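Residue numbers (PDB author numbering), protein chains in the order written: chain b, 4 to 83; chain W, 100 to 148.
Even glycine gets a Cβ: it sits at the ideal position worked out from N, Cα and C.
Worksheet: one structure, shown below.
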């Protein structure tokens, strides 16, 4: 039954806002390796494949709308 | 080639030719549907998935 709970370990930790880019200075120039979505020109080959570009598709923009929750009389809003 | 008539003599000549390359550009657009990009990352669930 925890396998169902292990699903929520995957999906909730997979679906988050991206955290703030904060690296301590004592680590060095590792922070330039932590910038991937600003890179927008991926290399191509003679026969490119998904395994060559599965990293390329992984960066995607951050799009999440804001919903509205309305409680309506069933007479005004027609049911279909 | 010189000859024995009354024509003027011929000095040696020299020619210089200027040639250059031409640029060309090629490009095509691929579309990929958003669900196709997304469920390449979605987890394996069932033998229908």
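(message) For residue 4 of chain b and residue 141 of chain W, what's the separation of their Cα atoms in angstroms?
(response) 21 Å
(request) Express the C-alpha separation of residue 52 of chain b and residue 125 of chain W in angstroms, rounding to a whole number. (result) 21 Å
(message) Counting only Cβ pairs nearer than 8 Å, list the residues of chain b close to residue 136 of chain W.
(response) 60, 63
(request) Would you kindly check if the distance between the Cβ of residue 108 of chain W and the Cβ of residue 101 of chain W is under 8 Å? (result) yes
(request) Within the same chain, show all residues whose beta-carbon is closer than 6 Å to that of residue 34 of chain b, passing over the 5 residues directly before and after it, in chain order. (result) 26
(request) Just the C-alpha distance for residue 55 of chain b and residue 36 of chain b, rounded to the nearest angstrom, thanks. (result) 19 Å
(request) Pick out whichever of b:38, b:74, b:48 has its Cα sitting closest to the Cα of residue 24 of chain b. (result) b:38
(request) With 8 Å as the threshold, decide whether the Cβ of residue 13 of chain b is near any Cβ in chain W. (result) yes
(message) Measuring straight from C-alpha to C-alpha, what distance separates residue 43 of chain b and residue 129 of chain W?
(response) 15 Å
(message) Just to check my reading of the structure: residue 139 of chain W and residue 60 of chain b have Cβ atoms closer than 8 Å, yes? What is that Cβ distance to the nearest angstrom?
(response) 7 Å
(message) Could you check whether the Cβ of residue 142 of chain W sits closer than 8 Å to any Cβ belonging to chain b?
(response) yes
(message) Between residue 147 of chain W and chain b, is any beta-carbon pair separated by less than 8 Å?
(response) no
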